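Comments concern the structure below.
Position 1 is the first residue of the sequence, and the numbers go up from there.
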Amino acid sequence: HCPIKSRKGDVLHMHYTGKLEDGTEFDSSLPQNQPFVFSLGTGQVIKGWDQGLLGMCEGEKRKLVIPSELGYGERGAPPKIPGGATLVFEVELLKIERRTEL
Ligand SMILES: C=CC[C@@H]1/C=C(\C)C[C@H](C)C[C@H](OC)[C@H]2O[C@@](O)(C(=O)C(=O)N3CCCC[C@H]3C(=O)O[C@H](/C(C)=C/[C@@H]3CC[C@@H](O)[C@H](OC)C3)[C@H](C)[C@@H](O)CC1=O)[C@H](C)C[C@@H]2OC
């Protein structure tokens, strides 16, 4: 059951856990139980998120495996992310907030 699914310009509420290749976890929203909120497809987030999160239903989970060209490239994001790194995100969509009227 999925009456609405994510499209560009939607505001998404998401839980995530990010891991590096060696399985070590570098960030997660679950411990503080505070979902991350962003607008899809506006360039607010790394490309691998904007491209990997379309057509999603609330309640759906996805595993994203993001190569560094779609992530933080050659400079990375010190201290948690080295340059050239592949990122693994496990994500869950909690809510779609979509501007309905004009
Ligand atoms: C002034 C404070 C900064 C401001 C911080 C917040 C609102 C708090 C928010 C929870 C972020 C987290 O803070 C605990 C933390 O999330 C990470 O741990 C992480 O899991 C991650 O990779 N995420 C977060 C979840 C969405 C995907 C990705 C991201 O796209 O993040 C986005 C990101 C960094 C995009 C850059 C922007 C510049 C481009 O040039 C670059 O390159 C294209 C891509 C984040 C959300 C930015 O929009 C907003 C911010 O950065 C980063 C490893 C480090 C990051 O803190 C820095």
Got a second to check how far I46's CD1 is from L70's CG, nearest 0.5 Å?
8.0 Å
Show your working on side chain to side chain contact (heavy atoms under 4.5 Å, CB included) between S29 and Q32 and close with a plain yes or no.
CA-CA 6 Å; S29 63; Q32 286 141 316; over 6 Å; no
Residues at least two apart in sequence or cross-chain that pass ring pair (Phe, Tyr, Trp, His ring centres under 6.0 Å) with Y16, listed by chain then number, are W49
Just wondering, do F36 and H13 contact through their side chains at under 4.5 Å, heavy atoms?
no
Once salt bridge (charged side-chain N to carboxylate O under 4.0 Å, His left out) is applied, do any residues pair with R62, and if so which ones, sequence neighbours excluded?
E60
Looking at CG of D27 and NZ of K80, how far apart are the two atoms once the value is rounded to the nearest 0.5 Å?
4.0 Å
Going by side chain to side chain donor-acceptor pair (under 3.5 Å), name the residues that satisfy it together with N33, two or more places apart in sequence or in a different chain.
none
Minimum heavy-atom separation for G52 and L64, please, with both atom names.
O-CD2, 3.7 Å
Between NE2 of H15 and OG of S28, what distance do you get to the nearest 0.5 Å?
8.0 Å
Only counting residues at least two apart or in another chain, list the ones meeting side chain to side chain contact (heavy atoms under 4.5 Å, CB included) with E69.
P67
To the nearest 0.5 Å, tell me how far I66 CD1 sits from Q51 CD.
9.5 Å
Listed by chain and number, what are the side chain to side chain contact (heavy atoms under 4.5 Å, CB included) partners of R98, not counting sequence neighbours?
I4, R7, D10, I96
Return a table of donor-acceptor pairs under 3.5 angstrom between the side chains of residues 82-92 and protein atoms on other chains or two or more places apart.
unit_1: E90; atom_1: OE1; unit_2: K19; atom_2: NZ; d: 3.4

If you round to the nearest 0.5 Å, how far is CG of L30 from CD of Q34?
11.5 Å
Is there a path from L54 to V11 through hydrophobic residues (I, L, V, M, F, W, Y) whose side chains come within less than 4.5 Å of each other?
no
Closest non-hydrogen contact found for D50 with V45 is OD1-CG2, 3.6 Å
State yes or no: do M56 and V37 share one hydrophobic cluster built from I, L, V, M, F, W and Y residues joined by side-chain heavy-atom distances below 4.5 Å, directly or via other members?
no
Side-chain touch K61/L93, heavy atoms, less than 4.5 angstrom:
no
Close side-chain approach of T17 to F26, heavy-atom, < 4.5 Å:
no
